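S.K.:
Residue numbers (my numbering): 134 to 352.
1) Excluding the 5 residues flanking residue 215 on each side, which residues of the same chain have their C-beta closer than 6 Å to its C-beta?
2) Is the separation between the beta-carbon of residue 191 and that of residue 240 shorter than 8 Å?
3) Compute every distance between the C-beta of residue 267 and the non-hydrogen atoms of the ligand ZN, then say whether any falls below 7 Å.
4) Taking the beta carbon of residue 197 as the centre, do at least 16 other beta carbons fall within 10 Å, making it buried, or is it exposed?
5) Might you give, ordered along the chain, the residues of its own chain that have their beta carbon closer than 6 Å to the beta carbon of residue 254, omitting 5 neighbours on each side?
6) Would you identify the three-state DSSP class for residue 142, choosing helix, strand or coil?
7) Starting from the Cα of residue 231, find the closest Cα among 304, 340, 332, 341 and give me that residue.
8) What three-state label does DSSP hand residue 137 in the structure shown?
9) Let me know if residue 212 comes out buried or exposed under the rule of 16 or more other beta-carbons within 10 Å of its beta-carbon.
10) One question on the structure: do residue 182 and residue 136 come within less than 8 Å of each other, judged by their Cβ atoms?
11) In three-state terms, what does DSSP make of residue 306?
12) Taking the alpha carbon of residue 303 as the point to measure from, which residue in 250, 315, 293, 279 has its own alpha carbon closest?
13) Our contact map puts residue 249 next to residue 188 with C-beta atoms below 8 Å; I'd like the distance itself, whole angstroms only.
14) Hey, would you say residue 144 sits closer than 8 Å to residue 290, going by beta carbons?
15) Under a Cβ-count criterion, where at least 16 other Cβ atoms within 10 Å of its own Cβ denotes burial, should residue 229 be classed as buried or exposed?
16) Could you compute how far the alpha carbon of residue 339 sits from the alpha carbon of residue 166?
17) Where are the alpha helix (DSSP H) runs, 4 residues long or more, that stay fully inside the segment 260-308, in chain order?
18) Could you compute how far the alpha carbon of residue 307 sits from the alpha carbon of residue 325?
19) Cα-Cα, which of 222, 175, 221, 224 is closest to residue 202?
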């Protein structure tokens, strides 16, 4: 009975929402390349129904290279080499749970496991990082996070990096667990992402709440 349509129904009404969509449209008509494709913008919500959410992983913006982004945080399409950050995520996952390093970086299987892969901004212009970070997406994605406060079940949030960690203030429901760690990028100034073992911790927490664990395996 609780779906993205119902929990986001009111927010959807906000004029700023259509205006964001309108802006992206006119940009494409202007000949500019915007990732991901228009029909993929909300894949995170599509692949992980509201009531299926067990884990939430926050990203900032979609990849700005060709064939990369497809509506999920960190995930890349089949045939695309996993970028540095995602590669380091796999490194941690392997060391943490012993899961084999995937030959790809396609994370739909996680989304279907109940992992909400949510970026703060849902679009980006080709070859321009953060180019759509200040057009208003954050209003909407912040509300996606807030909508989880009314979730019947306990959710595990994996907040990597300062940006993602800020969003913790939006999570007021005490049933939820917040796990923090430095950003997975092997270039990030602060070491510490390696060893946080968020994937095993997440499964332990889900188990303790009788929700069922995440199968992180990819293949």
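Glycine included, C-beta positions come from ideal geometry on N, C-alpha and C.
M.R.: Here's the rundown:
1) Position 82 of the chain shown holds residue 215. Within the same chain, Cβ atoms closer than 6 Å to the Cβ of residue 215 are found at 238, the five residues on either side in sequence being excluded.
2) Stepping through the chain shown from its first residue, residue 191 is reached at position 58. Stepping through the chain shown from its first residue, residue 240 is reached at position 107. No.
3) The ligand ZN is not part of this structure, which contains no ligands at all.
4) On the chain shown, position 64 is the one that residue 197 refers to. Residue 197 comes out buried.
5) Your numbering for residue 254 matches position 121 in the chain shown. Closer than 6 Å at Cβ, skipping near neighbours: 194, 265, 266, 270.
6) Position 9 of the chain shown, counting from 1, holds the residue named residue 142. It is helical.
7) Translated into positions along the chain shown, residue 231 becomes position 98. Closest option to residue 231, Cα to Cα, is 332.
8) Here residue 137 corresponds to residue number 4 of the chain shown, with the count starting at 1. DSSP places residue 137 in helix when its eight states are reduced to three.
9) Here residue 212 refers to the residue found at position 79 of the chain shown. That one is exposed.
10) If you number the chain shown from 1, residue 182 lands on position 49. If you number the chain shown from 1, residue 136 lands on position 3. Contact: yes.
11) The sequence position of residue 306 within the chain shown is 173, counting from 1. Shown here, residue 306 sits in coil according to DSSP, grouped into three states, outside any helix or strand.
12) By one-based count along the chain shown, residue 303 stands at place 170. That would be 279, whose Cα lies nearest to the Cα of residue 303.
13) Counting from one through the chain shown, the residue named residue 249 turns up at place 116. Counting from one through the chain shown, the residue named residue 188 turns up at place 55. Indeed, because the Cβ distance is near 7 Å, the residues count as touching under 8 Å.
14) Taking the first residue of the chain shown as position 1, residue 144 is located at position 11. Taking the first residue of the chain shown as position 1, residue 290 is located at position 157. For residue 144 and residue 290, no; Cβs fall outside 8 Å.
15) Residue 229 sits at position 96 when you count from the first residue of the chain shown. The residue in question, residue 229, is buried, as its Cβ has 16 or more Cβ neighbours within 10 Å.
16) In the chain shown, residue 339 corresponds to position 206, counting from 1. In the chain shown, residue 166 corresponds to position 33, counting from 1. Approximately 40 Å between the Cα atoms of the pair.
17) As for any alpha helix (DSSP H) of minimum length 4 sitting wholly inside the segment 260-308, the runs are 270-280, 295-299, ordered along the chain.
18) Against the chain shown, residue 307 aligns to sequence position 174. Against the chain shown, residue 325 aligns to sequence position 192. Our two residues, residue 307 and residue 325, have alpha carbons roughly 26 Å apart in a direct line.
19) Reading the chain shown from its first residue, position 69 is the one you call residue 202. Cα-wise, what sits closest to residue 202 is 175.
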